[PDB]
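Below is one structure; the comments refer to it alone.
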Amino acid sequence: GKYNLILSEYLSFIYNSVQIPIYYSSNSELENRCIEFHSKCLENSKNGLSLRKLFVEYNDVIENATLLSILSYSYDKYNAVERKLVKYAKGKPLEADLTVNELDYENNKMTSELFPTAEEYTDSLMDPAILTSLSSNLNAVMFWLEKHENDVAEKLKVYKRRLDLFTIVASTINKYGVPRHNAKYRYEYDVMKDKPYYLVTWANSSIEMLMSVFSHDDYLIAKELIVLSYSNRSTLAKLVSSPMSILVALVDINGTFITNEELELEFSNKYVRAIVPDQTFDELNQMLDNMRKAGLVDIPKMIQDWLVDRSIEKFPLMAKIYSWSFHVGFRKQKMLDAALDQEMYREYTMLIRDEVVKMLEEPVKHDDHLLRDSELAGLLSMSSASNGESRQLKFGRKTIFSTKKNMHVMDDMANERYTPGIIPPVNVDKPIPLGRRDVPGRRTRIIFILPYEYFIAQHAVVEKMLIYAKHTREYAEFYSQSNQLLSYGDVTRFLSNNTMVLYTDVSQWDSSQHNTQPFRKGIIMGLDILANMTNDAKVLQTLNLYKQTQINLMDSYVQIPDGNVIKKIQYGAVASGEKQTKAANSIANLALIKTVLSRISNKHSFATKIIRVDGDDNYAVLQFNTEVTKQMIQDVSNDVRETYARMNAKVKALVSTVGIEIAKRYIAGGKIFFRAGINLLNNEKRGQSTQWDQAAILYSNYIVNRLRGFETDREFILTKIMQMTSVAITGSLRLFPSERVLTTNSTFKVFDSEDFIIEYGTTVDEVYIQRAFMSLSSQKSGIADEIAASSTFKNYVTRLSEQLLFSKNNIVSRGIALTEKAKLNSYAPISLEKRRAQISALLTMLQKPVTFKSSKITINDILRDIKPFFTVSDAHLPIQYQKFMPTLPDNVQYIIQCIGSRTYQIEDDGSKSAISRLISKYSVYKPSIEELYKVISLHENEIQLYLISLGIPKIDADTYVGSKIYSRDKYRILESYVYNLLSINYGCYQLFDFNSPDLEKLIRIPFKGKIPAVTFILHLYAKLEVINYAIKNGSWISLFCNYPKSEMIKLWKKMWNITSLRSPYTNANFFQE
RNA sequence: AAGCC
C-alpha cells in the first residue's frame, strides 16, 4: 500500500504554499462519515485552517475507509521546475561535438542552425512522442534524490552515483533553460530554436538511464552513454552492442538445458569447448578499437577485463552492457536518407518457389474453401489502418475525411468503385505512400502503405502459408505453440566437440535490391505451379490476384517527403507492408541458408542437425566426422562468408561451437539471454492511446525490462504513473487517483500493487469499487452512432452477412456489426469523444462512487467465492532446477528453481476445440474465444442451427451436437476462456510450468462429486495462490480444499456467465506482443 | 498524419 504514501510525499514536495484526501466505503454509515469529512476539509481549506483536528475526529475514516483519491489545490504557476533545477546544476554543461555524425542533422547543433525558420522546423527527428513532459521527468528525478538524500551505507552509494549523473543532465539543461511543452506534449519551434535540437530527447534518455543505476558498474555505464549520446546520435548503440556477437562464441558450456522428444527443457551436465580462430579475436579487437576511437573508455575496458578468462560467471556484465546501449534513444533519420541506402540466384529462387508450392499444394488441390472465399476472408480480416490517401467521405449526411482502410472500402462499395479484381499499380503513376519504423541502434527502415487491394488479395494465401509453418520446425517463430525457451533448447541439444553452430544476421539482405528480383520471381513461379494444379475458378482467381501483387511490386515507386515536398523516386528494393511480409521473409531467409549450406559442403562434409529461420536471423548446427579445431572454424567461416559475398549480400556470418546471437535472443555459456532494451521515456511513434494507456505501457515496459535484466527504480516508475494518471479539474485543482483505483482488477487498472503478482478483490470495498468502475467502461460516441446509422455502413454490414452465412444470423450478425462499429475508433474525432466522456465520468466517480445494479459476473467474483474453502499450511519445496535464464529477478527465478519452467503457450483462444475446427473446415469465419464460449453453452438445438447458419452440413452438425466431443469441448472452451482471463500467457506466469509435479503435490484437492469446470478452477486458483505466495515470501505453502458439493453446483452456473474486463493494463499486455 | 501481426 506504499503507493498512496509515496503520492502524498511527492505532492507535498511538488507544491508548497494543500491536499484533500478523498475516502469511500461499502458500508453506508461509514460512507456518510467519509462524506462529512470531505466536506469539512474543503471548508477548512477554504479558510486557511489546520486539518489536524479533522483527521483525529475522522480517525475511523482514515483507519477503515478506503482512500479513493487525493485532491491537489496548488496555487503556483506550473513553475518550480526552473527553480528546483539550479541547485543540482553546478557541474560544467556539456558541449556537443558537432563532428561525430555523418548526416549533418544528426549532430547536436542549435535547432536554429538546422531550421532557420519556423516553417522549416520539425520535431520529426527528436520527438519523444510520449504523453509525459520533460519537466515532469526532471521533477520526478529530483523528488527521488531528495527522498534518498539522508540514506546510508550502500543505499547512499546508489544515491551518490545518481546525484553525480543527474548533475550532468541538470547542468547542461540549465545552460539553455528547461524546454517547455505544449498541450500535446510536443516541443515547438519557439522553445526549441534557442536550445540544441536533441536536448529534450537526450535528457529523457539520460534520466531514464540514470534512474536505472544501482551498482558502480551501472554508474560507469550510464555516465559514458550519457556523455557520448549527447554528441553521437547514430553509431553509439551499434558500437556498444556490436562485440556481443563475438562474445557468445567465447564462453565455454558447463551444463546447459536442452530439448527432448517431449519438446521440453531438460538439464544436461555436458561440457562443450568454445573453439575460436585467431581471426575472430582480431575482428573483436577491431570492434573494441572502434569503440575506443569513438570516445568510449570504460565500456571497452570492461569487455577487455572480461576477455582474460571469459567466465560465464562474470558474463552478466557483458549482457548488462548489451541491454544498456539501447537506452540511448531511437535513431530517427529523414525519410529520404533511410530510403537511400538501397545467374547464381537460380538455386535460391528455386527453393523459394518450391517452398511456396508446399505450403499451398494441399490447400489448392483440394479446393479449400478459404482459398475460394479469399476475398471474403480479406474483408472480415480488414483492419482500420491507413490505405494511403486522405479521401473525402460522405456518411449519411456527414462529409468528413479519413485515411482509414475500413472507411475506404465501405465508401467504394457504396459507389460501385469497390473493385478488388483490379490490383492498383504502385509505379511512377501511382507511387506508394511511405511509412516508417524506428529502432534504437539500427538504421531506420521504410514501410509500404499499399491500398487494401493488396491486403485482400494476400490475406487468404498468407494464412495457409502460416499454417504450414505452424507445424514445420525450421520456422521457429511459427512452429506449434512454442516459446523462445524451446528454440534455446534446440540449439544446445546437438552441441558437442564435433559440431559447430552457424548464426547469421541477414537484415541487410532483405532490403537489398539484389534480393528483390529472385524473391518475387520465386513466389510467382511457385504461384504458376499452384495454378496448374486445379481448375477451380475461385481458386485460380484468388491465386492469380496474388500473382498480380508480386508483379506490380517488381517495379514500384515511392513518395518520399523531402522537406515539404514529396519527391517520387524509383524504389527497387523489397520493403515491408504486405500481408506476406513475415511469412515471405521467413521463406526467403530459410531458402538463403539452405543455398549457402549446399554450396559450402562441396568443400567440407558435415551433417545438418538443425536449420532455422527466426525473423531477421537464420542459423544451423552442423556435425563433422572429426573433432572441430580453430583451423576448421576459420575454413568453414571463410567459405560461408565468401558464399554470401558471391550473392552480393551484406551480412554478418559467424561460426562458433557454444553460442549464437540473434535479434530476439542470445545464448552465452549454455544460458539463455534476452536484450532488455525497451525505451521508457521516449517512444518510436505517436499513436492514439491516452495518458492512462501510456502509463500502463510504461509499467509493462518496466516489467519486461526488469525480467530481462534492466531495472528502473520502482519508485521512479510509480512517480511517473502518478503524473500521467492525474486529471485536471481546473487550473489549480488537480486530482490524483489512489492505489486502489489504479491496481484493482478493473477497466482502469494500470499496474499491480506488487510486481509479478495479480490480485483480485477479496474485500467488500474492493468489490464495491470494481463494480462501480465497470458501470462506466464503454462510453457513447455521437459521431460513431451517426455513421453506425448511415446507409453505406449498414449495407456494408448487411453485404458481408449475406455473403457469409446461409440460414439465420444474429449471434453472428450482432458480432459483425460491432466489430465494424469498433474499427471507427481509429478515427480520432470518435476516439476524442470517448476520452472526454471517460474523463467526466471518471471525475464524478472519484468524487463520490455511484451505485450499480451489478448483476454482472466476472473472474473476480468466481475467485472470491472459492477462497473461503481453502486451508493453508506452511510447506517446503527444494530447488532442483539450475538457472538457465540468469537475468530473472531473484523472486521469479526461485519459483522456476523449485517447480520448473515450460516451453509452450497455454491455448487461450479455443482454436483446438472440435467446434472451432468444424467451423474452419466449412466457414471462413473465425469466432473469438468469448463467442465460442457463449455458443458452446447454448441449448443443443441452438448450436445445431448456428453451425448450419455458417455453412456446416447437416450430417456433420447433427453428429457433433450430441457426441462425446461436444461435451468435451464445453470443458475445453471454458478452460481456454478462463486461462485467457487470468493472463496465464503473459508477464511472469508465462514462464512457470503450471503442470509441475512439484507444484501439484502442494495442492490437495479431494473430489466430492466430479464436475470438470469446478475441479479445474479450484486447482488453478490453488496453483496461482501458492505461486503468488512463493513469489512474495520465498517460501512455500500447501493448499487443502474442502469445497462442499452443494456449493459446486451453484459455482458451475456462475462460471458460464463470466464477463471479460477491458483495461489499460489488459491493453498493455496485448500491446507487448 | 504512421502497413503485416
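When we follow the numbering used here, the leftmost residue of the first sequence carries the number 1, and every step to the right adds one. All C-beta atoms, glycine included, are put in the ideal place defined by N, C-alpha and C.
Problem - beta-carbon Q333 near the ligand SAM non-hydrogen atom, thresh 6 Å - result: Looking for the ligand SAM in the displayed structure turns up nothing, as the structure carries no ligands at all.
Problem - Chain-order list of residues whose beta-carbon lies under 8 Å from that of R864 (same chain, five-residue window excluded) - result: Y760, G761, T762, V767
Exercise for the section: Please report the residue range of the beta strand (DSSP E) in which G435 lies. Expected result: 434-437
Handout entry: Simplified DSSP state of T1066, which is helix, strand or coil
Key = helix
Exercise for the section: Grab the span of the alpha helix (DSSP H) containing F37 for me, first residue to last. Expected result: 28-45
Problem - Beta-carbon proximity check, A653 vs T504, cutoff 7 Å - result: yes
Practice task
Note down, in chain order, each residue of its chain lying with its Cβ closer than 7 Å to the Cβ of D194, except the 5 sequence neighbours on either side.
Solution key: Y176
Practice task
Taking 8 Å as the threshold, find out whether the region 254-274 comes into contact with the region 895-906 through three or more Cβ pairs.
Solution key: yes
Exercise for the section: Within the same chain, show all residues whose beta-carbon is closer than 6 Å to that of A676, passing over the 5 residues directly before and after it, in chain order. Expected result: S323, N705, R708, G709, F710
Exercise for the section: Evaluate contact between the region 530-550 and the region 685-697, counting only Cβ atoms and requiring at least three cross-stretch pairs below 8 Å. Expected result: no
Exercise for the section: Quick one: give me the first and last residue of the alpha helix (DSSP H) that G526 is part of. Expected result: 513-531
Practice task
Kindly confirm or deny that the region 956-976 and the region 872-892 touch, where touching means at least three C-beta pairs closer than 8 Å.
Solution key: no
Practice task
Mark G987 as exposed unless 16 or more other C-beta atoms lie within 10 angstroms of its C-beta, in which case mark it buried.
Solution key: buried
Practice task
State the CB to CB distance for the pair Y348 and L592, rounded to an integer number of angstroms; the pair is presumed to be in contact (CB under 8 Å).
Solution key: 6 Å
Exercise for the section: Could you tell me which of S920, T871, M774, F115 sits nearest to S854, measuring between CA atoms? Expected result: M774
Problem - Local conformation of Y666 per DSSP, three classes - result: strand
Handout entry: C-alpha distance - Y452 paired with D412, whole-angstrom precision
Key = 11 Å
Exercise for the section: With a threshold of 16 other CB atoms inside 10 Å of the CB of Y78, please say whether the residue is buried or exposed. Expected result: exposed
Handout entry: Check whether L163 and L145 have beta carbons under 7 Å apart
Key = yes
Problem - Close Cβ partners of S511 (< 8 Å) along its chain, the five nearest in sequence each way excluded - result: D341, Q342, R445, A573, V574, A575
Problem - Segments of 4+ residues assigned as alpha helix (DSSP H) that fall wholly inside the region 541-621 - result: 581-601
Exercise for the section: Determine contact between the region 1017-1028 and the region 933-945, defined as no fewer than three beta-carbon pairs at a distance below 8 Å. Expected result: no
Problem - Residue burial classification, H408 (beta-carbon count within 10 angstroms, cutoff 16) - result: buried
Handout entry: Beta-bridge pairing of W1036 - partner residues as DSSP gives them
Key = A875
Exercise for the section: Please list the segments of the alpha helix (DSSP H) lying wholly inside the region 406-448, counting only runs of 4 or more residues, in order along the chain. Expected result: none
Problem - Three-way DSSP call (helix, strand, coil) for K109 in this model - result: coil
Handout entry: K848 versus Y24: straight-line alpha-carbon distance, rounded
Key = 7 Å
Problem - The beta strand (DSSP E) enclosing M211, as first and last residue numbers - result: No beta strand (DSSP E) contains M211, which DSSP labels as neither H nor E.
Practice task
Pull up the distance between the alpha-carbon of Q286 and that of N387, whole angstroms please.
Solution key: 46 Å
Exercise for the section: Could you check which residue in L103, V152, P196 has the C-alpha nearest to that of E113? Expected result: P196
Exercise for the section: Kindly provide the ranges of any alpha helix (DSSP H) runs that are 4 or more residues long and lie completely inside the region 242-277, ordered along the chain. Expected result: 244-250
Problem - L67 in three-state terms, based on DSSP - result: strand
Exercise for the section: Give the range of the beta strand (DSSP E) segment to which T504 is assigned. Expected result: 499-505
Handout entry: C-alpha distance - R33 paired with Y58, whole-angstrom precision
Key = 7 Å
Exercise for the section: For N497, I'd like the list of residues in its chain whose CB is within less than 8 Å of its CB, leaving aside the five on either flank, ordered along the chain. Expected result: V272, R273, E627, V628, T657
Practice task
Give the secondary structure of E661 by DSSP, where H, G and I count as helix, E and B as strand, and everything else as coil.
Solution key: strand
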